[PDB]
Amino acid sequence: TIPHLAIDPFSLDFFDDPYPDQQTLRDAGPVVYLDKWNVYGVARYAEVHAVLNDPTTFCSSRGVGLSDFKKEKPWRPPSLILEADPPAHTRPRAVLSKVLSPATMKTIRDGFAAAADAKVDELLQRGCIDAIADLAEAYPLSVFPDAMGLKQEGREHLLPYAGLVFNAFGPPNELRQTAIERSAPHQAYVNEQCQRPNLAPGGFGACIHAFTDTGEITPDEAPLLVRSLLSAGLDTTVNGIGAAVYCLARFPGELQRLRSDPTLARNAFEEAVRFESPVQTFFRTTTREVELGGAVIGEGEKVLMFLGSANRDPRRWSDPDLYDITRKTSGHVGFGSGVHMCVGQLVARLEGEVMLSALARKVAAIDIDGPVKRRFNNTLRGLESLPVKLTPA
Ligand code: HEM
Ligand SMILES: O=C(O)c1ccc(CO)cc1
Ligand SMILES: [Cl-]
Ligand SMILES: [Mg+2]
Ligand SMILES: [Mg+2]
């Protein structure tokens with residue numbers, strides 16, 4: 001009843017161009033079995049959304065990578081938020097919600113916007129830049145470590161550690177083995193910065209530790225929640241901003257609409273998150289036998305959710321393969337959905353908005369003008385190098 005496919009969604013050829021295989025995965029049926037890795041897969045919007053919103057059957061506490069924590073040791077101590085189910089999830093989630101709250105965004109908006117404006121003006125003095133190293137990476141590196149309250153020393157471990165985290169959700173392929181092998185120096189840096197004396201007062205890390213007084217988290221939970229922000233909150237925004245710039249470079253008509261109304265910046269970023277889905281995939285593990293798409297999935301089975309595919313499913317989206325900055329984007333699953341829906345989404349959108357606002361006001365054209373190179377990661381989709389010429393407004 002369930003179709004068996006040989007597609008390896010963690011292969012380099014799949015990462016290089018996933019869209020034909022994602023359609024095969026959708027059109028084969030609402031649920032497929034991937035023989036390469038012995039997992040179920042769901043790639044249509046409706047089933048992806050339903051699984052994300054059914055946490056009592058499709059759980060996260062057995063790992064949201066391929067590895068099942070009931071069968072294997074996690075490569076690092078489990079996350080108290082990503083790799084937890086309610087009720088254990090709830091109070092750590094509330095702490096991160098409060099630390100990254102609407103109210104908190106007021107405290108960082110002026111500096112985040114000023115740094116985006118300054119970066120775009122700086123790049124306009126050069127003309128021809130690499131939108132990854134010089135923009136998608138440079139801008140988050142200039143604001144987010146500081147907003148965390150990190151010291152200066154050791155920051156060169158932040159992107160390597162995040163790449164490791166995201167590669168480690170994948171299957172035990174070469175990308176995962178290479179990431180985990182000799183990763184101890186990256187882990188040691190991050191783990192040390194999670195300790196309270198290393199985090200500047202007022203920054204996100206120190207604010208997490210300040211919640212240990214309230215009873216929401218104990219002091220020994222706070223370093224792992226700082227660890228969550230250092231895992232999830234940098235590389236994602238690099239690939240999100242890079243996706244938006246790549247979208248604007250390829251769709252000049254949409255750059256021109258953005259220039260004409262910079263208040264479209266927030267939805268232009270949201271649409272880039274849908275269109276490229278920088279976080280491509282996550283797993284769940286079934287806690288019980290469960291019918292999904294007419295297939296009976298046993299207990300203890302891994303289920304791979306294709307977020308990027310759900311975000312391009314023609315059953316749900318009109319012209320899914322077009323970048324449309326006035327699209328009604330609500331419902332896309334690029335930040336997830338349900339109890340684990342990205343708790344950093346306001347920070348991600350703040351960064352993306354203010355960068356796209358600066359481009360909208362200051363740039364007239366974005367032209368690719370050198371070799372484009374893709375970056376490969378078991379979970380993240382994005383580019384290694386994106387040479388563009390920026391023309392001033
Ligand atoms: C464009 C940028 C981002 C994207 C595309 C993204 C994507 C996602 C997704 C898909 C999930 C759901 C995981 C799941 O259901 O298993 C999630 C969760 C999470 N994200 Fe983000 N994220 C981004 C930015 C950020 C930022 C800036 C932060 C922190 C500053 C952050 C911190 C987290 C955390 C801690 C979780 C776990 C929430 C929970 O399990 O309740 N993310 N993210
Ligand atoms: O809690 C974490 O360490 C963590 C890591 C990765 C994600 C990816 O969205 C979310 C949370
Ligand atoms: Cl670690
Ligand atoms: Mg260890
Ligand atoms: Mg010290």
# chains A, B, ... in the order shown; residues from 1 in each chain; ligands from 1
call {"tool": "closest_atom_pairs", "arguments": {"of": "chain A", "to": "ligand 4", "cutoff": "12 Å", "atoms": "only C-alpha atoms and all ligand atoms", "output": "Markdown table"}}
result
| residue | atom | partner | partner_atom_place_in_ligand_line | distance |
| --- | --- | --- | --- | --- |
| A:73 | CA | ligand 4 | 1 (Mg) | 9.8 |
| A:74 | CA | ligand 4 | 1 (Mg) | 8.7 |
| A:75 | CA | ligand 4 | 1 (Mg) | 6.5 |
| A:76 | CA | ligand 4 | 1 (Mg) | 5.2 |
| A:77 | CA | ligand 4 | 1 (Mg) | 7.2 |
| A:78 | CA | ligand 4 | 1 (Mg) | 10.7 |
| A:180 | CA | ligand 4 | 1 (Mg) | 10.5 |
| A:181 | CA | ligand 4 | 1 (Mg) | 11.7 |
| A:182 | CA | ligand 4 | 1 (Mg) | 11.5 |
| A:183 | CA | ligand 4 | 1 (Mg) | 9.9 |
| A:184 | CA | ligand 4 | 1 (Mg) | 8.0 |
| A:185 | CA | ligand 4 | 1 (Mg) | 11.3 |
| A:186 | CA | ligand 4 | 1 (Mg) | 11.5 |
| A:187 | CA | ligand 4 | 1 (Mg) | 8.3 |
| A:188 | CA | ligand 4 | 1 (Mg) | 9.4 |
| A:191 | CA | ligand 4 | 1 (Mg) | 10.4 |
call {"tool": "write_last_selection", "arguments": {"atoms": "C-alpha atoms", "output": "tab-separated table (two decimals), in the first residue's frame"}}
result
chain	number	residue	atom	x	y	z
A	73	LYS	CA	23.18	7.78	22.48
A	74	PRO	CA	22.61	11.43	21.40
A	75	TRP	CA	25.77	13.03	20.09
A	76	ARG	CA	25.36	15.77	22.75
A	77	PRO	CA	23.04	16.06	25.78
A	78	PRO	CA	19.45	16.46	24.55
A	180	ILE	CA	30.99	15.03	14.43
A	181	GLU	CA	34.59	13.82	14.14
A	182	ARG	CA	36.98	16.19	15.95
A	183	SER	CA	34.10	18.50	16.82
A	184	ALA	CA	35.21	18.63	20.48
A	185	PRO	CA	36.84	22.09	20.22
A	186	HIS	CA	33.60	23.58	18.88
A	187	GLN	CA	31.52	21.87	21.55
A	188	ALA	CA	33.94	22.97	24.30
A	191	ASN	CA	29.50	24.77	26.32
call {"tool": "residues_around", "arguments": {"residues": "residue 12 of chain A", "least_positions_apart": "3", "cutoff": "10 Å", "atoms": "only C-alpha atoms", "output": "ChimeraX atom specification"}}
result
/A:8-9,15-18,175,375-378
call {"tool": "atom_distance", "arguments": {"atom1": "atom CA of residue 271 of chain A", "atom2": "atom CA of residue 311 of chain A"}}
result
9.9 Å
call {"tool": "residues_near_ligand", "arguments": {"ligand": "ligand 5", "cutoff": "10 Å", "atoms": "only C-alpha atoms and all ligand atoms", "output": "ChimeraX atom specification"}}
result
/A:151,192-193,195,197-199
call {"tool": "write_last_selection", "arguments": {"atoms": "C-alpha atoms", "output": "JSON list (two decimals), in the first residue's frame"}}
result
[["chain", "number", "residue", "atom", "x", "y", "z"],
["A", 151, "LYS", "CA", 32.56, 37.60, 24.73],
["A", 192, "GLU", "CA", 31.84, 27.18, 28.12],
["A", 193, "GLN", "CA", 29.99, 30.27, 26.85],
["A", 195, "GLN", "CA", 27.92, 29.24, 31.72],
["A", 197, "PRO", "CA", 29.93, 34.14, 34.18],
["A", 198, "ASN", "CA", 30.66, 34.28, 30.46],
["A", 199, "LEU", "CA", 27.45, 36.03, 29.39]]
call {"tool": "residues_around", "arguments": {"residues": "residue 165 of chain A", "least_positions_apart": "4", "cutoff": "9 Å", "atoms": "only C-alpha atoms", "output": "VMD selection string"}}
result
chain A and resid 160 to 161 169 179 to 180 231 to 232
call {"tool": "closest_residue", "arguments": {"among": "A:351, A:299, A:384, A:156", "to": "residue 143 of chain A", "atoms": "only C-alpha atoms"}}
result
A:351
call {"tool": "select_by_dssp", "arguments": {"residues": "segment 124-315 of chain A", "states": "helix (DSSP H, G or I)", "output": "PyMOL selection string"}}
result
chain A and resi 124-126+132-148+155-168+174-180+184-193+196-198+204-214+222-232+235-250+252-260+262-276+307-310
call {"tool": "closest_residue", "arguments": {"among": "A:47, A:130, A:235, A:301", "to": "ligand 1", "atoms": "only C-alpha atoms and all ligand atoms"}}
result
A:235
call {"tool": "residues_near_ligand", "arguments": {"ligand": "ligand 1", "cutoff": "6 Å", "atoms": "only C-alpha atoms and all ligand atoms", "output": "list in words"}}
result
residues 81, 82, 93, 228, 229, 232, 233, 236, 237, 240, 278, 279, 282, 334, 335, 336, 339, 340, 341, 342, 343, 344, 345, 347 and 348 of chain A
call {"tool": "write_last_selection", "arguments": {"atoms": "N, CA and C atoms", "output": "short mmCIF file (atom, residue, chain, number, x, y, z; two decimals), in the first residue's frame"}}
result
data_model
loop_
_atom_site.label_atom_id
_atom_site.label_comp_id
_atom_site.auth_asym_id
_atom_site.auth_seq_id
_atom_site.Cartn_x
_atom_site.Cartn_y
_atom_site.Cartn_z
N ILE A 81 14.44 21.86 24.92
CA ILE A 81 13.29 22.39 24.22
C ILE A 81 13.01 21.66 22.90
N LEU A 82 14.01 21.56 22.01
CA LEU A 82 13.74 20.92 20.71
C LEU A 82 13.47 19.44 20.88
N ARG A 93 10.35 26.22 27.15
CA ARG A 93 9.81 26.99 26.03
C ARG A 93 9.31 28.36 26.49
N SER A 228 20.75 26.24 23.18
CA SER A 228 19.77 26.20 22.11
C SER A 228 19.82 27.44 21.23
N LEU A 229 19.98 28.63 21.82
CA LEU A 229 20.03 29.83 21.01
C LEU A 229 21.29 29.88 20.15
N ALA A 232 20.62 27.31 17.20
CA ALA A 232 19.55 27.51 16.26
C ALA A 232 19.46 28.92 15.74
N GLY A 233 20.17 29.86 16.35
CA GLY A 233 19.80 31.25 16.06
C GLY A 233 20.75 32.03 15.19
N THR A 236 20.79 29.62 10.85
CA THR A 236 19.47 29.73 10.25
C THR A 236 19.27 31.11 9.64
N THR A 237 19.57 32.16 10.40
CA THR A 237 19.38 33.51 9.89
C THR A 237 20.34 33.81 8.75
N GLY A 240 18.58 32.25 5.93
CA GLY A 240 17.35 32.97 5.61
C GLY A 240 17.62 34.26 4.86
N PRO A 278 15.08 27.48 4.36
CA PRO A 278 16.45 27.23 4.83
C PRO A 278 16.56 26.04 5.78
N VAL A 279 15.58 25.77 6.65
CA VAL A 279 15.52 24.49 7.36
C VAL A 279 14.62 23.59 6.53
N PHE A 282 12.81 17.95 9.18
CA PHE A 282 12.97 17.47 10.56
C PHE A 282 12.26 16.13 10.66
N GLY A 334 8.00 26.90 7.15
CA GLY A 334 9.44 27.13 7.19
C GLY A 334 9.97 27.39 8.60
N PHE A 335 9.11 27.85 9.52
CA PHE A 335 9.45 27.96 10.93
C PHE A 335 8.82 26.84 11.74
N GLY A 336 8.29 25.79 11.08
CA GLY A 336 7.58 24.77 11.79
C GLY A 336 6.14 25.17 12.03
N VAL A 339 3.53 23.27 18.65
CA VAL A 339 4.13 23.59 19.94
C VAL A 339 5.59 23.94 19.83
N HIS A 340 6.30 23.43 18.82
CA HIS A 340 7.72 23.73 18.65
C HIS A 340 7.99 24.83 17.63
N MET A 341 6.95 25.50 17.11
CA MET A 341 7.16 26.50 16.06
C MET A 341 8.21 27.49 16.51
N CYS A 342 9.17 27.77 15.62
CA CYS A 342 10.39 28.49 15.98
C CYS A 342 10.20 29.55 17.06
N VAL A 343 10.81 29.35 18.23
CA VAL A 343 10.66 30.34 19.28
C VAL A 343 11.50 31.57 18.99
N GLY A 344 12.48 31.47 18.09
CA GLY A 344 13.25 32.64 17.67
C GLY A 344 12.68 33.40 16.48
N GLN A 345 11.43 33.13 16.09
CA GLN A 345 10.93 33.69 14.84
C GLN A 345 10.90 35.22 14.87
N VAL A 347 13.13 37.20 16.28
CA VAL A 347 14.49 37.64 16.01
C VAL A 347 14.81 37.43 14.53
N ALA A 348 14.47 36.25 13.99
CA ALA A 348 14.71 35.99 12.58
C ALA A 348 14.02 37.01 11.70
#
call {"tool": "atom_distance", "arguments": {"atom1": "atom CA of residue 2 of chain A", "atom2": "atom CA of residue 333 of chain A"}}
result
24.4 Å
